[PDB]
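Trainee: these are from a larger complex, still in place; more later:
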Amino acid sequence: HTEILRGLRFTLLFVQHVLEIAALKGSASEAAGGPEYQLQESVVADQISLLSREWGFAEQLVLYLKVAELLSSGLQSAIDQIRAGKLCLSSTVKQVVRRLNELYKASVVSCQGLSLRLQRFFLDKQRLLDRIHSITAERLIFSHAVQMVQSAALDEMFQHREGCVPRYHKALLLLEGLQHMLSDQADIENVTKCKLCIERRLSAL
Amino acid sequence: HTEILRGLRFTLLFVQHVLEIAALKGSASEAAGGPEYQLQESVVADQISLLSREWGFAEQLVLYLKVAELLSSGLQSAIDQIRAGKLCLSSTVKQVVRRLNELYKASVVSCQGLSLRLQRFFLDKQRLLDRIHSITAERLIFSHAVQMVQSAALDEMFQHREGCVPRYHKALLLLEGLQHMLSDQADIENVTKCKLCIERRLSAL
Amino acid sequence: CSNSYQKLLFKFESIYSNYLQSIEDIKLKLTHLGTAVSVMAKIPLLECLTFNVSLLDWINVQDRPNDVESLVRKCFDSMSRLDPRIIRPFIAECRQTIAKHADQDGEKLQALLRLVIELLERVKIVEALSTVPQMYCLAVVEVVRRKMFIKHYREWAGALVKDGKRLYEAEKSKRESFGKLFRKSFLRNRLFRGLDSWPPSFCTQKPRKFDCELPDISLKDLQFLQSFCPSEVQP
Amino acid sequence: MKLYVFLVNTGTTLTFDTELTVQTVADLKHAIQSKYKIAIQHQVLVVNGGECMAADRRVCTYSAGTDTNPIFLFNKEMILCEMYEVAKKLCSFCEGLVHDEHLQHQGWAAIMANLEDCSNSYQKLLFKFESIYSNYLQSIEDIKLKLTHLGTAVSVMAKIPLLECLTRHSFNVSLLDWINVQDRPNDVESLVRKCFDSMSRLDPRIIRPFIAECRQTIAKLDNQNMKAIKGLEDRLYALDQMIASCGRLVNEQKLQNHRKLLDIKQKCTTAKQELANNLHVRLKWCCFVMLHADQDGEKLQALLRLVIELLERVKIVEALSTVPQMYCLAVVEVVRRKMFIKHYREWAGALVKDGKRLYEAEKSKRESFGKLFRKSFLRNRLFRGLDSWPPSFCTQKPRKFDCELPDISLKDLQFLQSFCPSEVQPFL
């Protein structure tokens, strides 16, 4: 049953990392640049984000909703494993479940607040939203993973030479989670390609 | 022994018959019962012809010139009969040739009529005579012969075939002359048709 | 026997009996035609020549093989063949004696009926030809009218084509200016749409040649011939 | 036929499969693992004459798969770690060793050849990047003000209204959202952030030190080429003299010199062993320079790719700038198009009406003329040509006045003009 526990824990870590991605979506940080950043760029990005927060908040809501769906599936599976395979009611499993529940409550609160904020926004922008093809959450997750990998590689080159192993491991976990939640072979080929590439680059350690 | 003169003599007899045809073209005639009820219709036709006598006299003079072609052919160096022995001890045949020459002189008088007609044509119907493309004298002679044959048939229906036999014989001689003049292939076919008609007339005898 | 077959021409005889006066009427029609032929002789024919001859002259010469005098003499001969004085009375006497092996009488009657029908058709042609001076005055009027209409239509169509060309050119210039300005900016084909359509210009073009096969009879010459022929100049 | 080749790290001898002998040199790469050796991942080979073993290139195109002009192999894994017959037999070993010396010379020559190409390739990109970076260095200021203008334009677009009637193409909104609408994962803010991120990642404070390091590496490679190749400068003449002496002694042999020749044969091996000493000494300079050069090499190319891409998106970044004034003008253009469509419709209607009237009148006249004379007189044949129908003008209607254009309202134009920002002049 501890294998099922490990699968649950992997789901948990993927959820936590996805939540981190969501938070970064809520507000961007340029500290990952390393040495420095032009002040105007900070000012320009600030103005842009201030102007486009609503749609950014919308993307955040979509991401959080996908997170919530994952959490609900995990909770149903938790009820299932509680019915059978409790594995001595593992205190570790109990703590994992409790952390998951806290995250789920946070997700519910966040979704409610985001919906309340977007009420007028979703109201006014109804027509375009109808016109607009939805931004797939899995697409956003893949995009964050890819940008993270690219930045890590750029730091590996050009003599940053630090933190590469951490960001690499994190992105590997994120990619594995995306593959688990992929459920579409067409892009699953590209996902497997990226995962194999990450594993091969892991030989550097 | 006398062909060089006898062939021209038959052609000249045909020419004399053609001159008679021209004379008939000069003024109308009535037969097959004579004048009919309201014979002024025939008088009306006479008035019309008088109004149009120029074209008829012109056709007559054109025929006169067509015959004068062969007339001058015989006249120019007329010793072919003597060279063939036709004139050998045949001064009377030479006198007949002189009669044919006076006939050619009459054709010259008709050609003077033709010159007056052509002057009147240049005066009125100049461009018409230019684009005339009219039937040669042979076609007109054949048409006159056909009209004679039709009159003969009408008379034979009218039980007046006494002179219609002579008319049929004269038309057969005219057909023979046309066959002697049947240069064109269509002329040969029409001569064959006339031969069939002559056979039918001989049957009607 | 053969009388049953001859009954076709026998029925024609009633039509001939009907035609007996009609031919006499046609004779009157023939006299009017002769007068009209004289009037056509007074009339000219030079217009649209393809010179200085008369209308009756050209018409008679219009067919070399036969002419008005030819058909007139043929009609007189047909009348003689169907003579009311004798032959038509003789035809009726034969029709009566048919009741007194009948191949000869039937064949003669059928041939005479065919000739008479041909005579009636030729009489119709004569009547059309006797109308033909009127029809010629009318055709000259129609040709002058066609010339006037062609001139007016040419003027109007050319003005229309020129105006349409000017409009199409101006629209094309404005559209080209707008297209050049930001030919590929801001996803113009995607953000906006369809602005690239060049304005239609079919109305700008001019018509082709029309009524070119006219015999080219001058309208002024037509008026000259009409004035020179006051006799039945009405048509 | 199985291949026969050389391997300098393995005594200038090698064997391979028949596919390695005739097919693409990728078969030779696979067969490197064969013949008791490591694969091409731990090996490097070149054909006789210095021809580098291109795996895609057919071995037949290489023409070095047999013992005649055999290809030599450099093993990266190696870097990773009564009785008179002897008169010829001893000499037999020497000549092969003598040829091996010549074979050894080729390998260094081939090694030098690769360096030449390496030096050329590295130097070529160097200036290319140097120009590009300097171009970028000059461009650094240019890009900056452009981004600020882009931000001002984004603010204006926010102030700018939404598409109005164009929404129905398929409420309170702005073109900025409409602009942001397209490519949801790739918004404008994403573009600007990526651009500034590359710009910072393109720090001259790092680029210049990297450029200097690359130049120093290139110079070190050049020095190694000068040094390591010169490492065996005196070998050729000495080996030639020894081989000539061996030949002369063997010929004289036809046992005082027998041991002397045998010792000379033994004395040759020390030179061969000495030759091996120069090899590894030269070989270490080779790969160490080669690997380091490769590491630097792609980086600049990647940097160039990064340099190129930053240039690339810069244009697209530049592209969005005109969008406000462009759309402002486009609205007026569509309005003028609608007005022109109206005027053209009116003109076409008037023309069609006049043409229908004239065509009807002319058809009536022609009908009257036919009634007068259509087949009614033999005069028609002589007077032929007048029976033509009158001119066929354009009484029909136009096809379409650019229907695909989307809907718009002049009152909507006035409302936008009142509501719009300072871009009203672009739409004035």
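Mentor: Structure received. Numbers count the residues shown, from 1 in each chain, chains lettered A, B, ... in the order given.
Trainee: Next to chain A, which bits of chain C? Give me the list.
Mentor: Residues of chain C lying close to chain A by CB under 8 Å from any CB of the partner chain: none are found. Yep, even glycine has a C-beta here, placed from its N, CA and C like the rest.
Trainee: And the helix with the most length in chain C, what does it pack against?
Mentor: Taking DSSP state H as the criterion, chain C has its longest helix at helix C:103-180. Packing partners of helix C:103-180 (3 or more CB pairs under 8 Å, 6 or more residues apart in numbering or on different chains; DSSP states H and E): helix B:137-157, helix C:2-42, helix C:55-62, helix C:68-81, helix C:87-97, helix C:219-228, helix D:323-373, helix D:379-382.
Trainee: Turn those helices into a markdown table, columns for mean neighbour count.
Mentor: Shown next, in a markdown table, are the helices and strands packed on helix C:103-180 (neighbours: other CB atoms under 10 Å in any protein chain shown):
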| stretch | mean neighbour count |
| --- | --- |
| helix B:137-157 | 20 |
| helix C:2-42 | 18 |
| helix C:55-62 | 23 |
| helix C:68-81 | 23 |
| helix C:87-97 | 16 |
| helix C:219-228 | 15 |
| helix D:323-373 | 16 |
| helix D:379-382 | 16 |
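Trainee: Same list (these) but as CSV, adding distance to residue D:249.
Mentor: Supplementary listing: these in CSV, determined by distance: least, CB to CB, whole Å:
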stretch, distance to residue D:249
helix B:137-157, 129
helix C:2-42, 141
helix C:55-62, 131
helix C:68-81, 140
helix C:87-97, 154
helix C:219-228, 130
helix D:323-373, 91
helix D:379-382, 126
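Trainee: How is chain A divided into domains?
Mentor: A:2-131, A:137-204 (automatic domain parsing).
Trainee: Among the ones you listed, single out whichever gets nearest to chain B.
Mentor: Across the domains of chain A, chain B has its closest neighbour in domain A:2-131 (78.6 Å, CB to the nearest CB).
Trainee: Please see if the closest one touches chain D.
Mentor: Yes - using CB under 8 Å from any CB, we find that domain A:2-131 touches chain D at A:28, A:30, A:33-38, A:40-41, A:44-45, A:47-49, A:51-52, A:54-56, A:59, A:123-128, A:131.
Trainee: Take that domain and give me the span from its first residue to its final residue.
Mentor: End-to-end distance of domain A:2-131: 47 Å, with CA to CA, to the nearest Å as the criterion.
Trainee: mind adding chain E? sequence follows:
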Amino acid sequence: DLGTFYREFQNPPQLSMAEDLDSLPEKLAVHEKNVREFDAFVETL
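Mentor: Adding chain E to the chains above:
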């Protein structure tokens, strides 16, 4: 026989003139000369 003749009457067989028309005076002179020559010749009888 008579019927065939009537049919022939009912359907008789069948077969720019300025080119011949203009040469009329020339052919007239030629014929006049030929006639004079034959007039001289006829005395040889």
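Trainee: Now do the helices in chain E.
Mentor: E:2-10, E:18-22, E:24-41.
Trainee: what's the longest one in contact with?
Mentor: What that stands for is helix E:24-41. Counting contacts by CB atoms under 8 Å, 6 or more residues apart in numbering or on different chains, the residues outside helix E:24-41 that touch it are B:65, B:68-69, B:71-72, B:74-79, B:97, B:101, B:104-105, B:107-108, B:111-112, B:114-115, B:118.
Trainee: The shortest one too?
Mentor: Residues lying outside helix E:18-22 but in contact with it, judged by CB under 8 Å, 6+ apart, are B:118, B:121, B:129-132.
Trainee: List the buried residues for that helix?
Mentor: Neighbour counts over helix E:18-22 (16 or more other CB atoms under 10 Å in any protein chain shown) mark E:18, E:21 as buried.
Trainee: next one: the longest one
Mentor: Residues E:24, E:27-28, E:31, E:34-35, E:38-39, E:41 are the ones in helix E:24-41 that count as buried (16+ other CB under 10 Å).
Trainee: So residue A:135: helix, strand or coil?
Mentor: Per DSSP: H, G, I helix; E, B strand; the rest coil, the local secondary structure of residue A:135 is coil.
Trainee: and it, how many neighbours?
Mentor: Per other CB atoms under 10 Å in any protein chain shown, the neighbour tally for residue A:135 reads 17.
Trainee: For it, give its distance to residue D:94.
Mentor: Distance, residue A:135 to residue D:94, by CB to CB, to the nearest Å: 77 Å.
Trainee: still on that earlier bit, can you give me how far the longest helix of chain C is from the chain middle?
Mentor: 9 Å (CA atoms, centre = their mean, to the nearest Å).
Trainee: angle of that helix against helix C:68-81?
Mentor: Angle of helix C:103-180 versus helix C:68-81, following axes from the mean of the first three to the mean of the last three CA atoms, to 10 degrees, is 150 degrees.
Trainee: Would you mind writing the PyMOL command to select the buried ones in the contacts of helix E:18-22?
Mentor: A single PyMOL command selects the buried members of these (16+ other CB under 10 Å):
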select buried, chain B and resi 118+121+129+130+132
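Trainee: which two in the contacts of helix E:18-22 are spaced the farthest apart?
Mentor: B:118 and B:131 (15.2 Å; CB to CB).
Trainee: add chain F to the structure above, sequence below:
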Amino acid sequence: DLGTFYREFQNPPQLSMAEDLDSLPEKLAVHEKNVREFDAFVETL
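Mentor: Alright, chain F goes in next:
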């Protein structure tokens, strides 16, 4: 390998909204009920 990987990762192997906006209240309420139920399940500890 890792140095070479950058070229591969350099390329993006990439992968109506009002409909989703409609279901938002429904999914939200469903999540709220599931949250209450999950908290109850948590109480089992």
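Trainee: The buried residues of helix E:18-22 again please, this time with chain F.
Mentor: By neighbour count on 16+ other CB under 10 Å, the buried set for helix E:18-22 is E:18, E:21.
Trainee: Direction-wise, compare the longest helix of chain C with helix B:137-157 and give the angle.
Mentor: 140 degrees.
Trainee: Give me the number of neighbouring residues for residue A:185.
Mentor: Residue A:185: 9 neighbours (other CB under 10 Å).
Trainee: That should have said residue A:15, apologies.
Mentor: 21.
Trainee: contacting residues for residue C:41?
Mentor: Shown in contact with residue C:41 (CB under 8 Å, 6+ apart): B:51, C:54-57.
Trainee: redo that, cut-off 6 Å
Mentor: Residues near residue C:41 by CB atoms under 6 Å, 6 or more residues apart in numbering or on different chains: B:51, C:54, C:56.
Trainee: what's the answer for residue C:48, then?
Mentor: Per CB under 6 Å, 6+ apart, neighbours of residue C:48: C:215-217.
Trainee: 8 Å instead?
Mentor: Residue C:48 neighbours (CB under 8 Å, 6+ apart): C:143, C:215-217, D:383.
Trainee: Residue A:66 now?
Mentor: A:18, A:137-138, A:141.
Trainee: Mind doing that once more with 10 Å?
Mentor: By CB atoms under 10 Å, 6 or more residues apart in numbering or on different chains, the contact set of residue A:66 is A:18, A:22, A:136-138, A:140-141, A:181.
Trainee: Now do the buried residues in the helix or strand where it lies.
Mentor: Residue A:66 is part of helix A:53-83, with elements assigned from DSSP states H and E. Across helix A:53-83, burial judged by 16+ other CB under 10 Å covers A:53-68, A:70-72, A:74-75, A:78, A:81.
Trainee: between the contacts of residue C:48, which is nearest residue B:145?
Mentor: Of those, the one sitting nearest to residue B:145 (CB to CB) turns out to be residue D:383, at 33.6 Å.
Trainee: hang on, residue C:222 packs against residue C:143?
Mentor: Yes - taking CB atoms under 10 Å as the definition, residue C:222 is a contact partner of residue C:143 at 6.5 Å.
Trainee: where do the contact lists of the two overlap?
Mentor: Common contact partners of residue C:222 and residue C:143 (CB under 10 Å, 6+ apart): C:47-48.
Trainee: what's near enough to touch whatever residue of chain E ends up closest to chain C?
Mentor: Taking CB to the nearest CB, chain C has its nearest neighbour within chain E at residue E:6, 5.6 Å off. Contacts here follow CB under 10 Å, 6+ apart; on that basis residue E:6 touches B:150, B:153-154, B:156-157, B:200, C:107-108, C:111, C:114-115.
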